[PDB]
Amino acid sequence: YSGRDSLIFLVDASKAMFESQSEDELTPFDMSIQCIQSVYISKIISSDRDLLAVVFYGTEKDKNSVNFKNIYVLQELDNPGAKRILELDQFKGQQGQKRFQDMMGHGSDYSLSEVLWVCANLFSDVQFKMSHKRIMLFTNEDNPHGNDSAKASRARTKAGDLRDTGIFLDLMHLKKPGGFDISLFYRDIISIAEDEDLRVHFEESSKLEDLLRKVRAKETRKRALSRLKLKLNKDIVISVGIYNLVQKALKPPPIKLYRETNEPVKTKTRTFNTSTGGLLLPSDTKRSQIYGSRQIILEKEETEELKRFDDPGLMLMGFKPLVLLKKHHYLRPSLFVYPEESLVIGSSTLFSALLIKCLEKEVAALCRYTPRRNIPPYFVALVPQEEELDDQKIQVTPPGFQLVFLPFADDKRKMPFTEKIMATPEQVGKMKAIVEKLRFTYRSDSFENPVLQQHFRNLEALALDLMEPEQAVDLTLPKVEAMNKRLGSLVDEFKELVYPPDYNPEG
Amino acid sequence: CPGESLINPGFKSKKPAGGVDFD
Amino acid sequence: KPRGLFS
Amino acid sequence: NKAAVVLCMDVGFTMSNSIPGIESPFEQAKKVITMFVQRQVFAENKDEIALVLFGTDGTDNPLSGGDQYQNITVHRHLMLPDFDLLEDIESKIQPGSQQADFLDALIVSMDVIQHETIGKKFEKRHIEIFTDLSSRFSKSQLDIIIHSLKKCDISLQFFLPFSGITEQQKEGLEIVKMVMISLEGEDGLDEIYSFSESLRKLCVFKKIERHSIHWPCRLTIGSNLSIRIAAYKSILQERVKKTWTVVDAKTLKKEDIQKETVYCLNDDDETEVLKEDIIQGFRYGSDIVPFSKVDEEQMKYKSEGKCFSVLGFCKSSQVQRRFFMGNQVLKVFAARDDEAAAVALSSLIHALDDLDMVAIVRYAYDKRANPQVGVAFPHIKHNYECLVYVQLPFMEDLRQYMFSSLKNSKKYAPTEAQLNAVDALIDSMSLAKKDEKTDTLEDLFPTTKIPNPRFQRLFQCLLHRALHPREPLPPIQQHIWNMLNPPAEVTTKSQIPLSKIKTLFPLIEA
DNA sequence: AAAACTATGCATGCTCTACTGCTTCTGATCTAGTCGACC
DNA sequence: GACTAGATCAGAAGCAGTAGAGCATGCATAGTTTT
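Per the deposition metadata, cryo-EM was the technique used to determine this entry, at a resolution of 3.3 Å.

As structure tokens, this is what we get:
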């Protein structure tokens with residue numbers, strides 16, 4: 001999977017798309033625009049290097065390379081930005097609908113083959129490499145061409161050609177007064193016709209719920225941190241890849257701008273001597289350290305040489321029982337080690353055998369790890385990791401090795417001596433009841449970083465000029481009211497049984 | 001393929017965060 | 001109990 | 001914290017000659033003293049070292065009297081260790097012909113300690129005697145010396161070149177043993193070290209040590225239950241306290257070099273812009289939206305600092321080690337001098353241990369610290385029990401990568417012989433020994449007890465540069481490599497399995 | 001002689017700036033084929 | 001003959017991650033001054 005995702009938003013501009021079934025409801029055009037804006041925001045937050053486009057079919061005006069009739073390409077394939085969202089915002093309301101009608105027009109005839117041709121031409125215009133090519137059709141007319149059979153055949157042929165070229169097609173049907181049935185025409189155009197997607201739908205498609213669900217977390221494509229050599233001996237060597245399944249998320253680095261005109265400014269740091277005032281090259285400087293009331297001087301090259309112990313890679317040291325590993329010895333986030341056959345052929349078989357036997361014997365491979373050059377070595381343990389899949393066969397635990405760093409003697413600290421007092425069974429039972437009352441199921445993705453979410457919300461509000469930023473609800477805050485309601489009188493009994501009458505914990 | 005994100009292909013649709021839900 | 005020259 | 005150590009040596013002729021097949025005792029004592037002073041110099045514990053030698057031609061002592069207390073010199077007074085002391089031991093310390101009794105040396109050492117101890121808070125005092133016991137013993141003041149040592153609370157340690165000796169050495173050893181029994185008793189017998197043993201232990205620089213800051217807080221379960229707790233950092237990536245200082249190559253001074261920052265615009269003219277006109281911003285897609293620092297602080301996420309709340313309790317199976325995040329581990333005990341808090345914490349720990357549960361909690365160091373979601377689990381030992389807290393990941397920190405399955409891969413399916421070879425390799429390279437008598441595992445290669453080689457290398461290079469201003473840096477010490485490698489038995493046992501694995505597995509570089 | 005105020009060293013967290021490795025875009029070269037017109 | 005198209009390799013730029021340096025905040029303790 002290499003390249004970029006290109007997406008085209010086809011929006012129908014027929015009369016039926018501007019009628020509301022109920023007074024308190026959103027017209028199809030409004031829902032389509034809202035979905036497009038939500039997708040734009042999600043793409044900006046997650047993947048800003050992707051390509052998106054917005055086109056209209058059924059309008060009176062035309063704007064395209066081929067100069068077809070009644071097709072207006074509002075936005076060509078380009079990276080998303082706040083300007084495009086602001087431009088789309090002028091069609092959100094009813095006033096926006098009137099503005100759209102005045103600017104473009106609506107209620108005119110059209111041919112789907114020409115629309116698909118324009119979409120294909122837009123796809124061809126892109127000069128980058130595209131991993132995916134997708135089109136979504138927002139419409140509420142299940143029979144766009146019922147009077148003319150030739151137009152339907154042309155549309156089917158164009159859809160088949162697009163499928164052959166490798167263009168995916170999706171139909172996001174919108175609510176219709178009489179119901180939208182896909183069986184009339186859209187079976188052939190739609191790339192995949194699901195077994196359940198054959199009945200008549202009296203309501204908008206469920207995919208719009210997914211589209212409107214804003215995603216505010218950066219998504220990073222698979223990448224190998226390093227490609228190292230595992231050396232069972234001076235003659236036996238295999239190639240492995242190291243990945244980081246868990247990585248801390250940081251706010252995007254701030255940029256420095258000029259106040260007057262609002263354009264980037266570039267910085268540069270230069271060292272100079274005080275007396276002469278001229279520039280000082282790195283070769284005319286040294287390093288010093290004061291120990292024992294004396295000055296020790298070393299050159300930069302020697303200073304970097306001080307960290308050279310062994311060449312980068314993993315060096316085998318033996319095998320250790322898994323019981324000797326301690327959970328409370330965590331020092332650094334763990335990594336994932338996987339085979340790589342590109343550099344060495346035959347590594348996969350040896351790695352698989354090692355993993356299988358380590359799982360069978362419940363052992364972990366102790367190793368010396370040196371990620372890069374001029375880096376002091378560390379001690380790591382490779383723990384076997386089996387492949388675990390969920391109910392839907394979607395892999396949740398990949399197979400390989402888990403690299404966990406082990407601490408040195410310096411990394412540990414001494415704790416003050418404290419006397420130990422043991423609680424009687426009654427207090428333990430009361431606290432057991434309290435703990436059981438607040439039982440809940442935990443998972444790795446049940447919490448969100450409030451700081452990052454708030455930063456993204458503020459940035460979006462500033463970019464799009466919203467009246468007030470959206471306030472993110474923090475799931476990390478304890479639900480004091482719920483816990484108090486659930487526990488009931490247990491807390492009072494525990495406090496009576498564990499604390500003296502006059503204790504005053506707060507003070 | 002099943003349960004795939006409609007915004008970012010190649011990635012599974014991450015479910016919404018639910019925080020703590022007592023039994 | 002290392003103490004003296006060893007501490 | 002402070003410690004005043006008086007090192008008493010001798011330069012009598014009895015050490016100037018020894019068996020040619022082994023190093024002379026004088027050389028061993030010199031090496032031990034050098035290693036001790038090196039460790040003290042590179043470990044800034046503010047300890048004081050004095051040096052006295054008995055058995056020299058000269059005489060320089062606070063107390064002279066008559067023939068007693070003679071032939072002894074206080075070479076170096078009590079003060080902080082320095083490279084000057086290393087130079088002094090390198091050259092100034094010289095052998096001699098005159099003999100001397102070590103009892104006079106001990107009395108003069110205590111006199112020096114008593115005189116120089118006043119004015120400073122030296123909570124510990126030690127006297128190390130390096131002698132061969134060849135000289136005769138003037139045992140006439142043992143009662144008073146013992147009484148004074150007990151009154152002043154001054155510890156005594158002796159070093160001898162043996163762990164086939166003359167009767168004089170046997171008598172000296174017996175008198176030494178009696179003195180140690182009088183001072184402490186049975187345990188004193190463990191304080192008589194040999195030169196080889198001292199060399200073995202003092203071959204590594206002192207590990208970097210830092211004192212954790214006690215962090216008080218309140219563990220809250222709901223809104224009515226609170227337990228006073230104290231947290232300390234237990235495991236963290238230790239770094240070097242000192243940092244390299246940029247100095248000029250010619251004048252060797254850091255006052256003549258400074259750093260300047262210049263801001264300009266993306267234009268041919270290269271216009272210069274002051275710092276006051278620089279604003280902060282961020283990139284939103286293909287554009288840049290200004291975001292001033294003041295506005296960012298105004299709209300920043302504000303939370304109450306110093307919070308330790310229990311979000312909930314979950315089964316230990318649901319929390320996996322591979323998800324642990326952060327760069328520290330916290331040990332949480334009850335508030336000091338608080339029995340009620342200790343009882344509450346013990347009850348919680350015991351309940352969690354019995355139910356096989358852990359606490360998902362919210363942790364915030366202070367107001368400026370970002371909130372974190374972590375896991376606290378019980379840690380019960382035969383003597384102390386507490387909680388261990390480790391950070392947990394967020395939704396944004398999880399990466400969903402897909403990897404092909406290896407178990408059901410036809411291309412990379414191992415054969416039976418390959419599996420047998422791998423099993424033999426694993427068995428041969430075992431790093432743990434199963435003692436059947438106690439049915440217990442013993443660690444052959446404890447990694448946690450190995451000092452970091454980085455600091456050892458840095459200190460060795462700094463010392464070599466200091467003592468040899470103009471000389472290339474040496475190679476890595478052999479003992480560092482030995483301690484960074486497994487015992488020779490493991491390597492020897494793994495040769496045949498490794499050769500078999502190499503034969504069975506075809507590996508071709510591309 | 002005891003209590004209150006202030007100074008200084010160290011721990012902790014956060015943010016900002018070099019340096020190495022992986023991935024993708026652009027340019028330069030070669031090799032193979034196509035088109036024009038004549039005989 | 002002239003010209004273009006597609007395959008191939010290397011060089012350079014962008015981005016990710018780590019290490020090293022610097023700057024706020026607290027407080028622990030001791031020292032000094034006042035009553």
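Enquirer: Go over the interface of chain A and chain D, please, and point to the residues and values.
Expert: Opposite the 188 residues of chain A that make contact, chain D presents 188 residues. Carbon and sulfur atoms make up 63% of the area that chain A and chain D hide from each other, which totals about 18200 Å². At the boundary of chain A with chain D, the tally comes to 16 salt bridges. When the residues that make up the side of chain A that touches chain D are grouped by side-chain class, the tally is 98 nonpolar, 43 polar and 47 charged. Pairing between strand 10 (residues 285-290) of chain A and strand 9 (residues 245-248) of chain D: four bridges, direction antiparallel. When the bridges of strand 9 of chain D are listed, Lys286(A) appears paired with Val247(D).

Enquirer: Any details on the protein's contact with DNA strand E? Residues and values, ideally.
Expert: Taken together, the neighbourhood of DNA strand E is formed by 19 residues, with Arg227(A), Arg372(A), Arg413(A), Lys241(D) and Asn370(D) sitting nearest. The contact atoms of DNA strand E, taken as those within 4 Å of the protein, divide so that sugar and phosphate hold 92%. Here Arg372(A) contributes a side-chain N or O atom positioned 3.1 Å from a sugar or linking oxygen of DNA strand E. Within the side chain of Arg413(A), an N or O atom sits 3.1 Å from a phosphate oxygen of DNA strand E.

Enquirer: Describe in detail the domain arrangement of chain D, supporting the description with residues and values.
Expert: Residues and elements named next belong to chain D. As assigned here, chain D comprises domain 1 (3-205) and domain 2 (416-507). Taken together, the contact pairs six residues of domain 1 with seven residues of domain 2. Here domain 1 and domain 2 share an interface that buries about 770 Å² over both sides, 79% of which is from carbon and sulfur atoms. The tally of links between domain 1 and domain 2 comes to zero salt bridges. Seen at the junction of domain 1 and domain 2, the total is two residue pairs in polar contact. Classifying every residue of the side of domain 1 that touches domain 2 by side-chain character gives five nonpolar, one polar and no charged.

Enquirer: Any details on the pattern of salt bridges? Residues and values, ideally.
Expert: Where charged atoms of side chains with opposite charge meet at close range, the side chains can pair. One pass over the structure, following the stated rule, counts 37 salt bridges over all chains. The closest approach of N and O atoms between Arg368(A) and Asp310(A), which form a salt bridge, is 3.3 Å. Of the two residues, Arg368(A) is situated in strand 15 (residues 363-370) and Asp310(A) in the loop between helix 8 (300-305) and strand 12 (313-321); the sequence distance between them amounts to 58 residues. An identical accessibility class is assigned to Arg368(A) and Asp310(A); each is buried. One salt bridge connects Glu238(D) with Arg210(D), and the closest N-O pair in it is separated by 2.9 Å. One end of the pair, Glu238(D), is in the loop between strand 8 (225-236) and strand 9; the other, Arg210(D), is in the loop between helix 6 (195-201) and strand 7 (215-221), and 28 residues separate them in sequence.

Enquirer: Could you give an account of the interface of chain D and chain C, with specific residues and numbers?
Expert: Chain D puts 16 residues into the contact, and the matching count from chain C is five residues. Carbon and sulfur atoms supply 64% of the area buried between chain D and chain C, which totals about 910 Å² over both sides. Counting every contact that joins chain D to chain C gives zero salt bridges. At the boundary of chain D with chain C, the tally comes to three residue pairs in polar contact.

Enquirer: Account for the packing of helix 10 (residues 425-437) of chain A against helix 13 (residues 490-498) of chain A, naming residues and giving values.
Expert: All names here are of chain A. Taken N-terminus to C-terminus, the directions of helix 10 and helix 13 make an angle of 155°; their axes are 10 Å apart at the nearest point. Our classification of the angle between helix 10 and helix 13 gives roughly antiparallel. In this structure, helix 10 crosses over helix 13, and the sense of that crossing is left-handed. Residue-level contacts link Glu-426, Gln-427, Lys-430, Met-431, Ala-433, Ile-434 and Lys-437 of helix 10 to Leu-490, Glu-493, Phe-494, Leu-497 and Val-498 of helix 13. Of the residues that constitute the contact of helix 10 with helix 13, the class distribution is seven nonpolar, one polar and four charged.

Enquirer: I'd like a rundown of the protein's contact with DNA strand F, residues and numbers included.
Expert: The full set close to DNA strand F counts 13 residues, and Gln247(A), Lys307(A), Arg332(A), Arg399(D) and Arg454(D) are the nearest of them. Near the protein, within 4 Å, the atoms of DNA strand F are sugar or phosphate in 94% of cases. Here a phosphate oxygen of DNA strand F and a side-chain polar atom of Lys218(A) are 3.3 Å apart. Taking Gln247(A), its side chain carries an N or O atom lying 3.1 Å from a phosphate oxygen of DNA strand F. Tallied by class, the residues present in the surface near DNA strand F amount to two nonpolar, three polar and eight charged.

Enquirer: Can you explain the sheet that holds strand 12 (residues 287-290) of chain D? Please cite residues and give values.
Expert: With antiparallel pairing, three strands are arranged side by side in an open sheet as 8(A)-11(D)-12(D). Each end of this open sheet is capped by a strand with a single partner; those strands are strand 8 (255-258) of chain A together with strand 12 of chain D. On average, each strand axis in the sheet is inclined to that of its neighbour by 55°, with strand direction left out of account. Sheet analysis places strand 11 (residues 278-284) of chain D next to strand 12 of chain D, joined by four bridges and oriented antiparallel. Among the inter-strand pairings, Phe282(D) is bridged to a residue of strand 12 of chain D, identified as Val289(D). Strand contacts of helix 11 (residues 450-464) of chain A: strand 11 and strand 12 of chain D, with the helix running at about 95° to strand 11 of chain D, the strand carrying the most contacts.

Enquirer: Explain the packing of aromatic side chains residue by residue, including any values.
Expert: Scanning the model with the defined rule gives 43 aromatic pairs over all chains in all. Their ring planes at 65° and their centres at 6.5 Å tell us that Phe42(D) and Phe83(D) sit as a pair that is edge-to-face. Of this pair, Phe42(D) sits in helix 1 (residues 25-42) while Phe83(D) sits in helix 2 (residues 83-92), and the two are 41 residues apart along the sequence. Across the pair, exposure class does not vary: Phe42(D) and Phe83(D) are buried alike. Three or more aromatic residues joined by ring pairs make a cluster, and in this case those are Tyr369(A), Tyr378(A), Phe379(A), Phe405(A), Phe408(A) and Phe445(D).

Enquirer: How would you summarise a negative patch on the surface if you had to cite specific residues and measurements?
Expert: Residues and elements named next belong to chain A. There is a patch of like negative charges on the surface, built from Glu-194, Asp-195, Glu-196 and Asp-197. The residue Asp-197 is located in the loop between helix 6 (186-189) and helix 7 (207-212) in this model. With a relative accessible area of 31%, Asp-197 lands in the partly exposed category.

Enquirer: Let's hear about unusual backbone geometry: which residues, and what values?
Expert: Although it is not a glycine, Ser293(A) sits at a positive phi angle of roughly 55°. Position of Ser293(A) relative to the elements: it lies in the loop between strand 10 and strand 11 (295-298). In the Ramachandran plot, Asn71(D) falls in the positive-phi region, its phi being about 60° despite a non-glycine side chain. Considering the arrangement of structural elements, one finds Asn71(D) in the loop between strand 2 (48-54) and strand 3 (72-79).

Enquirer: Tell me about helix 5 (residues 167-183) of chain D, residues and numbers included.
Expert: Residues and elements named next belong to chain D. Compared with the 24 Å implied by 1.5 Å per residue over 17 residues, the 24 Å span of helix 5 between its first and last C-alpha is a close match. Residues of helix 5 that are buried: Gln-169, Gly-172, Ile-175, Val-176, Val-179, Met-180 and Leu-183. The buried residues of helix 5 occupy an angular sector of 140° when the element is viewed end-on, so they sit on one face. What points out from helix 5, more than 90 degrees from its buried face, is the exposed set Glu-167 and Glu-174. As for helix 5, its buried residues are in contact with helix 4 (142-152), strand 5 (155-160) and strand 6 (192-194). Following helix 5 by one or two positions, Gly-185 adopts a phi angle in the positive range, close to 115°.

Enquirer: Quick rundown of helix 9 (residues 416-428) of chain D? Include the residues and the values.
Expert: Residue pairs spaced three or four apart in an α-helix point in one direction, given the helix's 3.6 residues per turn. When the terminal C-alpha atoms of helix 9 of chain D are compared, their 18 Å separation across 13 residues agrees well with the 18 Å that a helix rising 1.5 Å per residue should span. When we look at burial in helix 9 of chain D, the residues that qualify are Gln418(D), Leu419(D), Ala421(D), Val422(D), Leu425(D), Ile426(D) and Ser428(D). Looking at the packing, one finds that the buried side of helix 9 of chain D touches strand 12, helix 9 (347-361) and strand 15 of chain A together with helix 12 (488-493) and helix 13 (495-504) of chain D.

Enquirer: Talk me through the side chain of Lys331(D); I want residue IDs and the actual numbers.
Expert: Mapped onto the elements of the fold, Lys331(D) is located in strand 14 (residues 325-334). The buried charged residue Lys331(D) lacks any salt bridge, with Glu385(D) as its nearest oppositely charged partner at 11 Å. For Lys331(D), the side chain forms a polar contact with the side chain of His379(D), separated by 3.5 Å. The residues touching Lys331(D), leaving out its near neighbours within four places in the chain, are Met415(A), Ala230(D), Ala231(D), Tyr232(D), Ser234(D), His379(D), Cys386(D), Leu387(D) and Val388(D).

Enquirer: Give a description of the nonpolar core that names residues and reports values.
Expert: Counting 127 residues, the largest nonpolar core has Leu219(D), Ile221(D), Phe308(D), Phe313(D) and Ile360(D) as the members making the most contacts within it. Looking at this core, the element that brings in the most residues is helix 8 (residues 339-355) of chain D, giving 10 residues. Excluding anything up to four places from it in sequence, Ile221(D) contacts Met431(A), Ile434(A), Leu438(A), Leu487(A), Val310(D), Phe313(D) and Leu348(D). One finds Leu52(A), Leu174(A), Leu208(A) and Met299(D) within the second-largest nonpolar core, a separate group that totals 45 residues.

Enquirer: Could you give me a rundown of the pairing of strand 14 of chain D, with the residues and numbers involved?
Expert: Residues and elements named next belong to chain D. In terms of burial, strand 14 is a largely internal element, eight of the 10 residues being buried. In this structure, strand 8 lies alongside strand 14, joined through seven bridges in antiparallel fashion. Each residue of the ladder has a partner; that of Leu-236, found in strand 14, is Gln-328. By the bridge criterion, five bridges tie strand 14 to strand 17 (residues 385-391) in an arrangement that is antiparallel.

What counts as what
- Residues numbered from 1 in each chain as written, not as in the entry; some residues may be left out.
- Chains lettered and ligands numbered in written order.
- Part of a larger assembly, values for the part shown.
- Heavy atoms only, no water.
- Contact = heavy atoms within 4.5 Å.
- Buried area = accessible area lost by both parts, 1.4 Å probe.
- Salt bridge = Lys/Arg side-chain N within 4 Å of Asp/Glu carboxyl O.
- Nonpolar A, V, L, I, M, F, W, Y, C, P; charged D, E, K, R; others polar.
- Pairing = 2+ DSSP bridges.
- Helix = DSSP H or I, 4+ residues; strand = E, 2+ residues; numbered from the N terminus.
- Near = heavy atom within 4 Å.
- Polar contact = N/O pair within 3.5 Å; in protein donor to acceptor, adjacent residues only side chain to side chain.
- Domains from an automatic or database assignment.
- Buried < 20%, exposed > 50% of the residue type's maximum accessible area, 1.4 Å probe, protein only.
- Axes fitted to C-alpha atoms, helices over the stretch in contact; angles between N-to-C directions.
- Parallel < 35°, antiparallel > 145°, perpendicular 65-115°, else oblique.
- Left-handed = near helix turned anticlockwise from the far one by under 90°.
- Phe/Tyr/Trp six-rings, centres within 6.5 Å; stacked < 30°, edge-to-face > 60°.
- Patch = residues over 30% accessible without salt bridge, like charges linked within 9 Å, V, L, I, M, F, W, Y side chains within 5 Å.
- Areas by Shrake-Rupley, 256 points an atom, 1.4 Å probe, with all protein chains shown as cover.
- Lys, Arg positive; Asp, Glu negative; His and termini not counted.
- Charge placed at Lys NZ, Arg CZ, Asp CG, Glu CD.
- Expected span 1.5 Å × (residues − 1).
- Arc of directions from axis to C-beta.
- Core = buried A, V, L, I, M, F, W, Y, C linked by side-chain atoms within 4.5 Å.

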